[PDB]
There are 2 protein chains.
Amino acid sequence: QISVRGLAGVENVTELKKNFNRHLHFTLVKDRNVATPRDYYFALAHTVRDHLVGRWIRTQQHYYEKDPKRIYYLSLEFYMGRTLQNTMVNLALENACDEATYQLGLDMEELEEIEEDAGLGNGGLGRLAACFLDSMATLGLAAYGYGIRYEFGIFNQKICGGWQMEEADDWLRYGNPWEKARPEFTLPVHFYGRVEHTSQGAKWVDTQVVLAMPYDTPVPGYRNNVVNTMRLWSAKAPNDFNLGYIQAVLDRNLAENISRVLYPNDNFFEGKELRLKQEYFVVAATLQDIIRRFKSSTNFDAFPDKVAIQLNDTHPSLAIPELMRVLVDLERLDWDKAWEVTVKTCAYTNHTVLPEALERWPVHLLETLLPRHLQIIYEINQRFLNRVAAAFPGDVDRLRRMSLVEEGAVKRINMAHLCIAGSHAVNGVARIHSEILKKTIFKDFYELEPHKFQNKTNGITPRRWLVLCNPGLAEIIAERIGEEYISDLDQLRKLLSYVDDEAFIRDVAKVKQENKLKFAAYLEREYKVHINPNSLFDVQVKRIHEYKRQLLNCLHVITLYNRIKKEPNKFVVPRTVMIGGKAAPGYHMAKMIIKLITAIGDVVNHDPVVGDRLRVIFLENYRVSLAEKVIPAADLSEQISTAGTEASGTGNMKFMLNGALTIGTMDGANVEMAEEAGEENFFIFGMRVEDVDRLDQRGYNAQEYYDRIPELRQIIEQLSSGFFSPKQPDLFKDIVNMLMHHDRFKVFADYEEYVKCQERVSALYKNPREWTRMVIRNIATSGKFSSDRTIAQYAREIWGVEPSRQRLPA
Amino acid sequence: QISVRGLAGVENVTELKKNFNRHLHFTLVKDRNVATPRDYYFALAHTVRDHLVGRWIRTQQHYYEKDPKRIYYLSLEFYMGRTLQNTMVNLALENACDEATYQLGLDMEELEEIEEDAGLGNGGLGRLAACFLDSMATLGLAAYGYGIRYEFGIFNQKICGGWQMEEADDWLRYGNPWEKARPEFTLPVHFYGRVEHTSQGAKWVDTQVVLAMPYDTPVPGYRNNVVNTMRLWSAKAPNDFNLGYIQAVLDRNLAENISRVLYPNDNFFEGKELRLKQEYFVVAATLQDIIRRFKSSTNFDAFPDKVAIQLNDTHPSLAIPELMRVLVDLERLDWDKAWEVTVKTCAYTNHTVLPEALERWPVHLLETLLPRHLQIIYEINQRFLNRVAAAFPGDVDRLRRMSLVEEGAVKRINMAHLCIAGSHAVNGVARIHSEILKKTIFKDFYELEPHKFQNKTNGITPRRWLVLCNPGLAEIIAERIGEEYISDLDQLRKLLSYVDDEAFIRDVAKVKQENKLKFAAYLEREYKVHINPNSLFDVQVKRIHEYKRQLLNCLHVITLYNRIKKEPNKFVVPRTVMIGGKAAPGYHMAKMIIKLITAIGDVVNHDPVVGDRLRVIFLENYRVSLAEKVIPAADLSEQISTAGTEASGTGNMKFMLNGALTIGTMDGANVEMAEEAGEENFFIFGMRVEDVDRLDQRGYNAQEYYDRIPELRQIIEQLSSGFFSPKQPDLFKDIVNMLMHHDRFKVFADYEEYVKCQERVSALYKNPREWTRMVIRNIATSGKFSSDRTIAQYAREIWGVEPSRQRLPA
Ligand SMILES: O=C(NC(=O)c1ccc(-c2ccccc2)cc1)N[C@@H]1O[C@H](CO)[C@@H](O)[C@H](O)[C@H]1O
Ligand SMILES: O=C(NC(=O)c1ccc(-c2ccccc2)cc1)N[C@@H]1O[C@H](CO)[C@@H](O)[C@H](O)[C@H]1O
């Protein structure tokens, strides 16, 4: 049908059809008489998977022969989503498969909807790892993603009575056609025990053993015949485990609970033992695998020349003392040489400055679970603090500030401090974030070792986030400038010379309208909700957090509603306001925010006077597959975190690439997006970082805003009195109290500028031609935010490897 | 190489080789450079499995079109063993695969050894179910095996310091290529809750739900293109299970524990709740499947015309009240009609008369777990006892003896009494066993309903138990009488006309010698033990039980040793005495018996004066795959249970078919074996059932035997004084005490006749020609004990269906 989806050759279509029928028969053990749509999905999945195999085997043998430096990306999260369409895109198989299935009497899009998301992440951090894997393969790097194969990923969100309910994400129920179990590469991981000091070194003894079994998933590069590996560890009890008899067998579950479920608390660090076990489990198994591969090439001097380990946040920070443990206790290297190797091997990426999110493990936990690692951490701390004392003599307070060990009620290890000490590179994820790291939380560390601190602005893969989810837009772009932009996104700048092109303006606007119509139909078919497709699609999708200020959005919605009620016969630009995202199960305020959103919709959507002019919809179960649907349909992207709180954001970049205009604060990557597009082509409002600092010095008094803004006073009075909860008048008392007395994120302070800026949005939308021209200016300057650019920067400035766009033979 | 293994055609060998290479590449994702022997096994398994698929699909569609009466074999155990060689045999693929793998540079026998046994049974009862499935497929019956997919089967036995140690049988670790998951056929099973009585009947409400997910395994008939199904249920938590958040997800394990492990206690009934859940789980899921299939053909009058349910012991006895529950509570049939349907549908097979093995479930367990089933059982009991009272008026004691409810300390339900009341047929498993049922434990029931009671003498499949395990013997037989005996074992009688044939005598003896050499080599290669292959192979392999009298065997061994020590320079026929079998984990006396056997070997095998004349070996981890090895190598089969205790035995039949002579009591199927072969061709000794009864009336006094038999006195004195345990002199005090004071199985009473009979065995073995002629007389009359005969009798006399040897089109 469309060009970017590839060729549908006679030979290929015929071959795909027969391999499909072969899999339906031999693999699924079915005939066309008894086959369900799920059977048809699996037959297609297996057919496409067959095309990966040859390339997968030859890519790995290529790395063995050439022996390049290997990149190991360690993450507790890989938010992959669906794999089928992505594989077809990167293999240029999409049109061929579409044709093959069509001739078999099947609709491929219907079959694609049957695949479960691999929801092995919470949000931005997990999704970044996934985009990175795609870019590393596309850039021909010898890269491996290492993590945990959770049996249950991020919970499925159900909304019951306006409240979030959680249900287990049993994503493996029907099987996973993409993974290959490698039980022959199973590795032991040790826990508990005690440390014995012998004549010839320390020994970790009397440990409990859990087995780590790897599952490999192929990661295809974009049409370069490269297929890299994501290796995920599963927990297994050894066969003599606990070995009255019946209970011993049942108790094997305890060991296997390690890889059972993803922790969904992305807001607040809880020192839970099971999480600590997960963190060490992935680290210990991964590092044994790394060392084994390095030996199968005695001299660990060359280790950092052949190995780079990237730590995705502090979650795999135990890699630092674990590498020291292996080098010192097992390989018998002296401390100083082992430390040199470790530092040159490891690099650390930070993803937030919010203190409650930082991992600080109680010493008593590490003492019991990992006694030898604690000893190594103490030794790292002493040697590090000796360096600090020598550089800043007599500065006793610096010494306590920089210590890896935090004193107090319970002693704790600051894992971020560990990561900085044990890494040759530390990066933030957007320019403003990286500067904030150097100026505030890691200031002392920057003063000691300035050369360590870098920026690597985040990105998203244009394969999933344009070609896959928005083929209509990808095609109209390709008509003008060819196809090379898909793996060289900077080429989108060429679209600037089409900003006054009447045909292109019409096409850009047409694609958006089609996307909006398709999504409006999805909402009716799957959720029986009715929306006006001619309204402005105002969307905020992301995890529910106070710092992300979904609450500020809510105040604007109520403002709009109140203004309509005040002057009903006045014209307003119609809006569909969509808010979606999951709340961490223990985050009470976030769960109240969800209830508020649904409560507002309950009032707004049923007011006859409002009509089709304003609709408020909560997008249920927001996840990667839903993002791929809603983002192409958006007109307005809400990126309204308090300045200095969102490290980067990546949703922002997805919207920019897909033809939405952005209303946002100067926070995270928003700053760089505005810089690339031009501030005139961005809806910027609110306090900057400097303004927030000034308000903090003075003291933030929310009452001041309540007193001086009549429209805001009305909203608070409506909330308090039970306007949005008639049968439970005080339901939202916690929300009002927080806003009035303990709002860390200054919602009221940005209210006036936000409402004003929103009026400027509505004004522009009334001028369809000028709206679309501003959109073209955004798409055309979105190139910087390709994860190909981000990864090329990591490769050159941290890992010391050169990217390559060259093909491997097919 | 050999004829019975089929053709190795050019076309077939070429095709197998390319499908093997296809599976190694696409299925296993390996090349010949990195492939391990396990990879090669799996590639072969998948290649052979491909040949089953077409036949499997067409067999099931044939049953749909023809709609014959369906047989449902309900068992908690299916002791399947390995599947690869069995599949090749039944498909006539063995020589072709051997050739195909040979040309690829591989040894098929080596690859076969890599497959894990499906050890989903304890012993004879579980193995009977497996032989039955093979026979039903071979006889073209529309049969389904229904059971539980245990994650862990019978434990692997390790011998440490002469003691049994148990380790988990993680048989699914590397995956199972033979099964196909059918998550689309998942069914709910209910537990706990309460009964509500409404205007329009009883309702079972407020239940906890566990999901039952089926896995189908193909069961191929012998070269008839029939492939039947074994469906095994796996336990799954529903997705809203327990749905702080983390623990709720972890608690899903509790539901899934139902299908986790096989209960290994084949000796003594324990009322464990988890076992009760297993029993109901398989019954509830199976019966929903049955009814669904019956409807997909309103009128339950025809139900017994289209459905037969065979209960393998009382373990699935809950099928009776569960069928009543569905018919009455759900389908709204009246009690009397539902009961008529149930009785005509169900039949029950008993496997033992030992009272401690009988299932008697505490009422309080059924009250909590299955409240509605208890109510139905009480109602069944009342109506049944009303019939008893009407037939035998005034016989109050009969009423209490026949009651399904047993009074006492704890009230219990007698599941055997339930089974007889709710079945149109009740059978024992050998002629003497079935007579004992009518005369003793079920006497009252036989007097009420004599027409219900039948015999169905057990059998074994000649495919696994001759062709597969002893191809050398199968071939020399086929040379003389052709191949038709493999599915018509009665044809072996033709071998009687070769009893004086010098060539055949030489061949029969040659095959045995080769088998003995091969097994002697297996023992060195895998266990580093050294045996004389020219000695008589004296073997007793079976689960360790007091009634099976491994202890009597031990007394003979010590007698032989003592006689050698008394007269060292006297000639004795050399023997290798092999004893093997697992003990139930809680069975203390059985574990002591194992220790005794190893302790005897420790003394005997290291006495220089003995030399190669006597060796005592404990066969570790006895299981189906080991049986296939040791049975063809045996000269003497020990079947020495106390008369009236072994219901049938089936090991006895395996040995007879494979050229061992039998020393045994007149117990179980031994009686019929002696009858078929002639008592002159069998080594019969000891008390008959009548003699045991006489001794019980009088009182069994073991002291009498100790006082009057000097050779027995010596042994007991050796045991007591620490002769076999020098460092722990009183180690065997429990064994001596039991023998002297509380021996339920009269070991001393059969001692003299046993030793005497054993002398007659040694005498015959000295005459190789006459030994072999007696062997030929045994093989030639073993035809009755084919499970094809047993199943044809079930089909005609219980299920009301006609067997067919006709081919389905390929
Ligand atoms: O998504 C993020 N974090 C998480 O999801 C998260 C997930 C898990 C934890 C966690 C930490 C310890 C124990 C248990 C859970 C903490 C945070 N961070 C985001 O990362 C993106 C990629 O760099 C940024 O764009 C975004 O600004 C940032 O908030
Ligand atoms: O093997 C047998 N029984 C078992 O393995 C068995 C297995 C499990 C249980 C059991 C019953 C209740 C709870 C838990 C376990 C009871 C008995 N019985 C044997 O059956 C053969 C086939 O008919 C006979 O040849 C043999 O004589 C008999 O002992």
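Residue numbers begin at 1 in each chain, while the letters A, B, ... track the order of the sequences. Below, all heavy atoms of this structure are taken into account, side chains as well, without hydrogens, waters or symmetry copies.
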Legend entry - From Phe152(B) atom CZ to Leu172(B) atom CG, the distance as rounded to the nearest 0.5 Å: 8.5 Å
Legend entry - Counterpart residues, ring pair (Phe, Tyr, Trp, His ring centres under 6.0 Å), relative to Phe269(A) (two or more places apart): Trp361(A)
Legend entry - chain B contact via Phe26(A) - side chain, backbone, both or neither, heavy atoms under 4.5 Å: both
Legend entry - Nearest heavy-atom neighbours spanning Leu243(B) and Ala168(A): CD1-N, 3.5 Å
Legend entry - Distance-minimising heavy-atom pair for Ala235(A) and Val210(A): CB-CG1, 4.1 Å
Inset, instruction - Would you mind checking which part of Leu52(A) comes under 4.5 Å of any heavy atom in chain B, side chain (CB onward), backbone (N, CA, C, O), both or neither? - result: neither
Inset, instruction - Report the distance from atom CG of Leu16(B) to atom CG of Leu44(B), rounding to the nearest 0.5 Å. - result: 8.5 Å
Legend entry - Heavy-atom pair with the smallest gap, counting every atom of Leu120(A) and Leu232(A): CD1-CD1, 3.7 Å
Inset, instruction - Sort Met165(A) into side chain, backbone, both or neither according to what part of it lies under 4.5 angstrom from a heavy atom of chain B. - result: neither
Legend entry - Heavy-atom pair with the smallest gap, counting every atom of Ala35(A) and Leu24(A): CB-CD1, 4.1 Å
Legend entry - Heavy-atom pairs under 4.5 Å with chain A, option from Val34(B), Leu28(B), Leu262(B) with the top count: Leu28(B)
Could you list each N or O donor-acceptor pair linking chain B to chain A at a distance under 3.5 Å?
from	atom 1	to	atom 2	distance (Å)
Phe26(B)	O	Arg49(A)	NH1	2.8
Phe26(B)	O	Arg49(A)	NH2	3.1
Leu28(B)	O	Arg182(A)	NH1	2.9
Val29(B)	O	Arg182(A)	NH2	2.9
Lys30(B)	NZ	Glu184(A)	OE2	2.9
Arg49(B)	NH1	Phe26(A)	O	2.8
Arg49(B)	NH2	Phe26(A)	O	3.1
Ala168(B)	O	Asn239(A)	ND2	3.4
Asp170(B)	OD1	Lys236(A)	NZ	3.0
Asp170(B)	OD2	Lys236(A)	NZ	2.7
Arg182(B)	NH1	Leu28(A)	O	2.9
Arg182(B)	NH2	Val29(A)	O	2.9
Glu184(B)	OE2	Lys30(A)	NZ	2.9
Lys236(B)	NZ	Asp170(A)	OD1	3.0
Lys236(B)	NZ	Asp170(A)	OD2	2.7
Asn239(B)	ND2	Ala168(A)	O	3.4

Legend entry - Greatest number of heavy atom pairs closer than 4.5 Å to chain A - which of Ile246(B), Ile57(B), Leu274(B): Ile246(B)
Legend entry - For the student: nearest non-hydrogen atoms of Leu211(B) and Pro238(B), plus distance: CD1-CA, 3.9 Å
Inset, instruction - Using non-hydrogen atoms and a 4.5 Å limit, figure out which bit of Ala181(A) sits close to chain B: side chain, backbone, both or neither. - result: neither
Legend entry - Check: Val219(B) and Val227(B) side chains under 4.5 Å, non-hydrogen atoms: no
Inset, instruction - Please state whether the side chain, the backbone, both or neither of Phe155(A) comes within less than 4.5 Å of a heavy atom of chain B. - result: both
